[PDB]
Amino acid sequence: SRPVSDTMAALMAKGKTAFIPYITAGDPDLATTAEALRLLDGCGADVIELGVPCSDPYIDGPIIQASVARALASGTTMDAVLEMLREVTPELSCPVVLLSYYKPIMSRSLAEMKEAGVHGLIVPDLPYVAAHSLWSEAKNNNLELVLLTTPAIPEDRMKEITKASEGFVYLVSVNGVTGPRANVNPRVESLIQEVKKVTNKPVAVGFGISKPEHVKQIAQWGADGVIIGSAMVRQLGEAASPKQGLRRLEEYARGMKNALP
């Protein structure tokens, strides 16, 4: 797979928004996760966000919250995920971005991760104190650390964020937690511009997106990518069964993909 920064940069040269879906590793089970990764890839995922479950996913609404509990129950662990990606990534044409809270990745060497074929990593609650640590650690293992910025971040810290991030800038669309939301926050419109004004890094928007008109709007506004999670879990994870679940994901993923062309 080509690097995330690379994948993002090629898209923007052709003036396009990246389709970046997100599912929870282990929901329903690692075996279903794999297959799902291929569907999304076959559907058009330019980048795939894979969530690693942890005991306290607090920057997550109830939909993902439920997705994690299932993940833990089925027996998913960081060790297992990578083992799963190691044999699956060589099949994926797009890079995979691992997403997990600081807790599960603090006392861990990032070598095993790069071995699994993972390209990027996102840590929502990354303490300001360990930020340079993880940062130096990621780049030493050729893992692009994707930092987030939300509406609450002042103009100046946002510039710093944009400068230290790698792969793309994860622009959180709201201050609340992950979850549906019927309308795209209006602040995102000007915020996108504000970010692209002080940085040439790819700018991707996340949180909320769960309808085509959302992807259509955020794209027209200039975003370089749209990240969609809760809406994607709601299809594969809450389905009455793995089988149906994958079907729904296929039907939903393709639908969100057409809203871009």
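For every residue, the number given is its place in the sequence shown, counted from 1.
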query: Residue stretch of maximal mean CA temperature factor, 104-112 vs 160-168; finding: 104-112
query: Position of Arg70 among the chain's modelled residues by C-alpha B-factor, lowest, middle or highest third; finding: highest
query: Chain-relative CA temperature factor third for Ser210; finding: highest
query: Lowest, middle or highest third - CA B-factor, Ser55; finding: highest
query: Chain-relative CA temperature factor third for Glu49; finding: middle
query: Within-chain third of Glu91 by Cα B-factor, per the entry; finding: highest
